[PDB]
Amino acid sequence: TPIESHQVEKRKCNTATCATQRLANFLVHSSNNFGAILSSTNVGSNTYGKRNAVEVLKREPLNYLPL
């Protein structure tokens, strides 16, 4: 196959790809806020108990046994 040309034509940040990388940087930058906010989940948003995943698992052993 022929070598790719060195022609480039960038464009304004209109594609979701641009934001995709923008939010990624903000994530590691807002870590403190994330932990601090989640820590106060007791405010009422504590209905995300991940430990429940294991509770239901044992409750439904079928998922483990052949279907």
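The residues of chain A that appear here are 23-89 by Swiss-Prot count, in order.
The way this entry was determined, per its header, is solution NMR.
Cβ coordinates come from backbone N, Cα and C, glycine included.
According to Swiss-Prot, the features are:
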- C35-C40: disulfide bond (DISULFID)
- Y70: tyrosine amide (MOD_RES)
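Here the features listed in Swiss-Prot are placed on the structure.
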| residue | record | DSSP (3 states) |
| --- | --- | --- |
| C35 | disulfide bond | coil |
| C40 | disulfide bond | helix |
| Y70 | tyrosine amide | coil |
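Note: the Cα of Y70 (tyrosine amide) and the Cα of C40 (disulfide bond) are spaced 31 Å from each other. Applying an 8 A CB threshold to same-chain residues 6+ apart, the list for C35 (disulfide bond) reads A41. Remark: of the recorded positions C40, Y70, the most isolated position is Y70 (fewest other Cβ atoms within 10 Å of its Cβ).
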